[PDB]
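Just one chain follows, in the form solved without ligand SMI, and it is written as structure tokens.
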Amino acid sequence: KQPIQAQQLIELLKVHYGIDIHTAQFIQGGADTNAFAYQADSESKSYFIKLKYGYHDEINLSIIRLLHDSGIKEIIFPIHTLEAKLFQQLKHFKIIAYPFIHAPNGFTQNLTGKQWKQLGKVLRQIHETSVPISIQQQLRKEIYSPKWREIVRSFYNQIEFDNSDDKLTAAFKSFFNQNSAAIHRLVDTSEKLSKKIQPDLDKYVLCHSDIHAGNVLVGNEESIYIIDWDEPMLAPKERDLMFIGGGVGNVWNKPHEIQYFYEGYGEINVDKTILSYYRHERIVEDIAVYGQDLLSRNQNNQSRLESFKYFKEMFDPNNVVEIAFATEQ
């Protein structure tokens, strides 16, 4: 169930990057976007290899270049290919090598105040980094699409017994009821907030659409990195800021770290109506995405196991749902 194989990746790497890899293992996942990851090692340097297919090939590297250019070291820059490129397109898939980084992500590695400040500084460097007109005309933009809200509302009349349902699809069906009220409150609120917000395409900055503890690699002491730049966007800073104290992953939910963060980001003016909105909409979408996954055709077997898992966590103590409803500064 793995694309390339042993000596095959090695041959690929050596052909397009002129690197001599002796070992090249396959990793079970990482950040799935039709992208498999491998840890290829050279006589002295380890590399993180990524192969993209379907919802993979795009143009986000237009940002990491813009960001590297802007001078943000807290980003993992791609290894150039012999044709002097940052990737290697191959009829079937795309190759994107990175220097390998061993560093627990934020879900198993907390940040030191210092690091919390450093993150705040970077998120700011980024939020400030000017975006070329030609780049803006690409980046998706905050529209407040009810896409997600609507998909969730669909489920409502779809929760009931149907022998055509197995164990898993069942627990979910039930967990959904058991929390029926809370969920409607997320849709009806995300919607309500949606109306109270007067858009302003001028206060929109470059944002890492989904910057949670899962995408901060916490290294030695300054070696923090903000990974996953597949779907960056242009939105009010609150699109990113909502994660600080947001509780995603059941971490990043300790009020005192928020202070540390704004220290580096430099305390400014945050729209709490917008901040609150994102915390709600995000959960909606998650419910939407996970929902579909657990309703329809059990064809997505071995996946739906996790969807359900994450789905439930959202409701655990001091997790994203608790925090959203506890609308605090």
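Between two forms, the rigid core is defined as the largest C-alpha subset superposing within 1.5 Å. Residue indices: 1-based, along the sequence shown.
One more form of this protein, deposited with ligand SMI bound, exists but is not displayed; see below.
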Legend entry - Shown form pocket vs ligand SMI in the bound PDB entry, superposition, backbone/C-beta distance 2.4 Å: open
Inset, instruction - Choose one stretch from 286-294, 257-265, 270-278, 63-71: the one whose residues place a heavy atom within 4.5 angstroms of ligand SMI in the bound PDB entry. - result: 286-294
Legend entry - Non-hydrogen atom within 4.5 Å of ligand SMI in the bound PDB entry for each of 194, 239 and 328: no
Inset, instruction - Using a 4.5 Å heavy atom cut-off, state whether residue 304 contacts ligand SMI in the bound PDB entry. - result: no
Inset, instruction - Answer for residue 149 alone: is it within 4.5 Å of ligand SMI in the bound PDB entry, judged on heavy atom distances? - result: no
Legend entry - residue 165: touches ligand SMI in the bound PDB entry, heavy atom cutoff 4.5 angstroms: no
Inset, instruction - Look up in the bound PDB entry whether residue 175 has a non-hydrogen atom within 4.5 angstroms of ligand SMI, and give yes or no. - result: no
Legend entry - The single option of 81, 189, 253, 215 touching ligand SMI in the bound PDB entry, heavy atom within 4.5 Å: 215
Legend entry - Stretch 233-248 - residues with a heavy atom within 4.5 Å of ligand SMI in the bound PDB entry: 248
Inset, instruction - Go through 70, 39, 60, 300 and flag the only one whose CA is off by 2 Å or more between this form and the one not shown, rigid core held fixed. - result: 300
Legend entry - Threshold 2 Å Cα movement between this form and the one not shown at residue 29, rigid core reference: yes
Inset, instruction - Relative to what we see here, could you say if residue 62 and residue 55 have their Cα atoms closer or farther apart in the bound PDB entry, with a change of 3 Å or more? - result: closer
Legend entry - in the bound PDB entry, shift in Cα separation for residue 57 relative to residue 204, 3 Å or more: closer
